[PDB]
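1. Give me a 3D structure for the following:
(chains A and B)
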Amino acid sequence: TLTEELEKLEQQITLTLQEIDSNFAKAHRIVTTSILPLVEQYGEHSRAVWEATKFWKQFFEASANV
Amino acid sequence: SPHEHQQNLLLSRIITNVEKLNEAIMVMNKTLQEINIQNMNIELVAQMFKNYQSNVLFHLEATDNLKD
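-> Residues are numbered from 1 along each chain as shown, chains lettered A, B, ... in the order given. The relevant structure is shown in the block below.
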């Protein structure tokens, strides 16, 4: 009973450790999956928006510069 | 007196049986002592498979066991 529970909980600990590793790696996969290309696309479209603002900003600069 | 002679003679055959008996017992204990040495190995292996079954049972019960 004593050594029984010892080995049992020891195996539970090892299993739980492997489970933690699995969840951890799952989060790792999620980030490495497509989050980086997603934000790259976001920044790309944002860059396009800056090209949009590149025109009208000139007029505001002109207003400041008379 | 004659009774005593008869008694001493019976006692003599008794004592001879005693010595033969005990000599056989000496051989018995000696044999078992030699055997004993050839048992601890098996005992160790027995307890090894015992605790193997115990621990694997505990772990199977922990995981999705497939018993009755």
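2. And the strands in chain A?
-> For chain A, strands defined by DSSP state E do not occur.
3. For chain B, what's the nearest residue on it?
-> Ranked by CB to the nearest CB, the top residue of chain A for proximity to chain B is residue A:8, at 3.8 Å. Every residue, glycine included, has its C-beta placed from N, CA and C.
4. contacting residues around that residue?
-> Listed by CB atoms under 8 Å, 6 or more residues apart in numbering or on different chains, the contact partners of residue A:8 are B:55, B:58, B:59, B:61, B:62.
5. So the fourth one versus chain A, what's the distance?
-> As judged by CB to the nearest CB, to the nearest Å, residue B:61 and chain A stand 8 Å apart.
6. so that residue is in which element?
-> Using DSSP states H and E, residue B:61 falls within helix B:40-62.
7. what helices or strands is that helix leaning on?
-> In this structure, helix B:40-62 packs against helix A:2-30, with contacts taken as 3 or more CB pairs under 8 Å, 6 or more residues apart in numbering or on different chains; DSSP states H and E.
8. The helix it packs on: which residues count as buried?
-> Across helix A:2-30, burial judged by 16 or more other CB atoms under 10 Å in any protein chain shown covers A:7, A:8, A:11.
9. Include distance to residue B:23 when you put these into TSV, please.
-> Listed next are these as TSV, based on distance: CB to CB, whole Å:
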residue	distance to residue B:23
A:7	50
A:8	54
A:11	56
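10. Let me know how buried residue B:55 is, in neighbour terms.
-> Counted with other CB atoms under 10 Å in any protein chain shown, residues neighbouring residue B:55 total 17.
11. Thought residue A:11 was touching it, still the case?
-> Yes. In terms of CB atoms under 8 Å, residue B:55 counts as a neighbour of residue A:11; the distance is 7.2 Å.
12. about what we covered before: ok, so of the buried residues of helix A:2-30, who is nearest residue A:19?
-> When those are compared for distance to residue A:19, the smallest value, 12.4 Å, is given by residue A:11; criterion: CB to CB.
13. Nearest residue to that closest one in space, ignoring adjacent ones along the chain?
-> Once flanking residues are discounted, residue A:11 sits nearest to residue B:59: 4.3 Å by CB to CB, 6 or more residues apart in numbering or on different chains.
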